[PDB]
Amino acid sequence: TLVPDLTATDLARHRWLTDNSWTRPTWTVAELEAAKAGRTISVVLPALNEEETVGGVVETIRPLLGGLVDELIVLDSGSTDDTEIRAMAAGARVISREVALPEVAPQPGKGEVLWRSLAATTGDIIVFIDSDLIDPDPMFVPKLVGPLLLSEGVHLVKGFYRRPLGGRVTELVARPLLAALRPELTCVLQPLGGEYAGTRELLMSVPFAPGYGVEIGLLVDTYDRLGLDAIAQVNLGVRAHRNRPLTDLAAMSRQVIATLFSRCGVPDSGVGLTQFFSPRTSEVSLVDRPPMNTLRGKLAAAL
């Protein structure tokens, strides 16, 4: 709704940008493992036909397994290339969507994959890392769990990259719509980012938007449920932005809008996006997977 007591200048100076945003994280793996205090950490890589990059991402994280990281899983979304064998050969456990939750038939999309990994993992903390990253740095996982292990009351950590010496959906769609609908969340540098960590308590109890909606849906549901102070962001390093075609970005934008409208009380038409020059159509989903807590008691493998 209408928030005339908040201005763009207020946001640019917001205290949250100081206490909850680490622009130069300096934690070490030893002291983070020290602060685990009995909490376990699961790392999850969603993967659909990522044979060229998945091993390289797994390798940057594998030295943490058995120490800081307790579980390192690639959640395979029906890949037909060599994603699975290469992930296993890089030291990761690979789980299909069917094995993660066999009672429910798989739907397409990233959100489905991450939702199912809630049922396949056991960590009190779950880190998500895209498996298409070309230049993954081995400090990703430690910088994402920093605030969850040390700071009090953080439940979601979004990892951002500073741009070198620009994601267009993020800059033109996600952040401006957040300015209009959830203005405090414009403090989050990269709301659509694929690198983030969250507590199991939180993630088990919110729905999962399907497809490309999942990241922004999780951000907005966390904010609505727990306030801005429950969210943090950390600099993961200097990744430069990878190229995608505008037609991909247009359909992705449509789903980002539907997922945001869904959480912000805005009635979405449900009509997919047509593109011309001729016609090219795409589809949008308006139904989330319900909170995974909903399925408790009724699974062969317990939660």
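Only the largest set of C-alpha atoms that superpose within 1.5 Å between the two forms is called the rigid core. One rule holds for the numbers: they count along the sequence shown, beginning at 1.
After superposing on the rigid core, the larger RMS C-alpha deviation in 8 other deposited structures of this protein belongs to 264-272, the other candidate being whichever of 57-65 and 264-272 remains. In at least one third of the other compared structures of this protein with flanking residues present, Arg280 is left unmodelled. Judged by the one-third criterion across other entries of this protein, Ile73, modelled here, is also modelled in every one of those that cover both its neighbours. In this entry, 147-155 shows the higher mean Cα temperature factor of the pair 147-155 and 73-81. The PDB entry records a higher mean C-alpha B factor for 24-32 than for its counterpart among 261-269 and 24-32. Note on the listed residues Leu226, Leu165, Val206, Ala90: the highest Cα temperature factor in the record is that of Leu165. Within the group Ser42, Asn243, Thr53, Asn49, the record's highest C-alpha temperature factor is found at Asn243. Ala37: CA B factor lies in the highest third for its chain, per the PDB record. Among all modelled residues in this chain, the alpha-carbon of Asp135 has a temperature factor (C-alpha) in the highest third.
Among the modelled residues of the chain, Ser253 sits in the middle third by CA temperature factor in this PDB entry. Annotation for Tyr212: CA B-factor lies in the lowest third of the chain's modelled residues. Per-chain ranking of the deposited C-alpha B factor places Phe160 in the middle third.
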